[PDB]
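Given as structure tokens, the chain that follows is alone and in the form deposited in one PDB entry.
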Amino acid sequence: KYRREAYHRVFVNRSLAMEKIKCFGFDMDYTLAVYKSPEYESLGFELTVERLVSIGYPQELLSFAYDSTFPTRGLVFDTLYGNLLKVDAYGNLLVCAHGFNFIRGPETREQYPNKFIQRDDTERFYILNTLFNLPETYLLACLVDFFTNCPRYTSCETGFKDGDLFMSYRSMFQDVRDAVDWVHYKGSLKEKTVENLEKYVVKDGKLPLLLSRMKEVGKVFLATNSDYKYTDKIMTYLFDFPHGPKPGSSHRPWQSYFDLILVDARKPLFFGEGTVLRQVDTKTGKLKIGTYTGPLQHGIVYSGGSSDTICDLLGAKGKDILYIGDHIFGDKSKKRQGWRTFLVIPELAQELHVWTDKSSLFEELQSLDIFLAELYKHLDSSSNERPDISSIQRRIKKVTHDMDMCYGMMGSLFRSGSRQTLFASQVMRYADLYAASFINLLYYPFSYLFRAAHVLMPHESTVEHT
């Protein structure tokens, strides 16, 4: 089976015929504009901490340093017990860290009977899905750790006491949640970023190449939650090369690359009723009092609206639209037709790296497993042998832990041992296509037919056809 090389690959959950794609839609933040790691995370982490201290948190916080090897995306915060939880598709605990203490094993059941959380309880548990939640993920584990080991504060089941003031893990998390928000919305994250774009934002000469090739076979639009003043600063940088689409061609502005540009979308509300469609005034940045209810005829920039507006303006409907982005929405659904989805998952490059330069650890595990099969090979329910496998067992735990440590300290984004993460299952739900970058579409023709990979059940994967 011919397969393109791993770093260039688009992966398929649900089959998609590209020939039938009429529009390519793009998310900006963390899609078109990939923020540099760990630079950008650290910046958010710093501004958030500074925001917390200024509104009254201890000053020891001022000396925390974002550590990129702790968090993985998709962890669950238990606001009742203050834990960071890695869980599987169904709610089973995989990892449970209180501060920097990984609680593990039997001592879990005193707080999680059946090692299980009822994920539906969107009041107790908060899923940290987005790449913007990386800073607050590490930060939460920091605060819990700080307050736990600080003598001026008394540790309790659900929070901490100081005097006759109590600070629940729920309240602290709200402070944190509110701090990040503020930093993105009133704080200096945006300006600190644009003041030093080459430190924070990746740029790639194939980006214009791809989008211009895309525009030759179908329409292309931009639908971002950011505002125009910011989008502009960003989109200008992403396109600032001494050339245009290819080396040798003259530099065109980034607006030229889009049949439709929309900002202030307010996704996810966008995909439902949305907001009123308005039009931005490029000179001032403010909105025009009137809009332009007319058809596609572009030097125009839109604000707000709805996904249906896009479909009206480009004269397409959902199944003909490929939406490209970093964020996992939900449902699929509600009576209007929905777009197909290409999910960008940046962590995928490191994930794939481990899956290759650590071949040695997999074939040990392979062989260790082979070896067990043998120890039990000629046995059945009549036999009384209790073969000692406790030496083999503990060896497995070390090779997998050593493998885990390669990802980060909360392990792989997708897997832990045999089990898939809740994240892995959200991806396989929401995403038709996925890859490390959307740029990988450069290595496939627009006539390509993406065929879904077969996810096999145990009885499928361990049983041969002949």
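One rule holds for the numbers: they count along the sequence shown, beginning at 1. Here, rigid core means the biggest group of C-alpha atoms that superpose within 1.5 Å across both forms.
Quick note: we don't show the form deposited in another entry, though the next part is all about it.
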| query | finding |
| --- | --- |
| Position with Cα shift of 2 Å or more, rigid core superposed between this form and the one not shown, options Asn129, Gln337, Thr154, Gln174 | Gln337 |
| Rigid core fit then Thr291 CA moved by 2 Å or more between this form and the one not shown | yes |
| C-alpha of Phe362 off by 2 Å or more between this form and the one not shown on rigid core | yes |
| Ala17 C-alpha shift between this form and the one not shown of 2 Å or more, rigid core reference | no |
| CA-CA separation of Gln420 and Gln366, closer or farther in the other form than in the form shown [shift of 3 angstroms or more] | closer |
| Pairwise C-alpha change, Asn129 versus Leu456, in the other form against this form - closer or farther, 3 angstroms or more | farther |
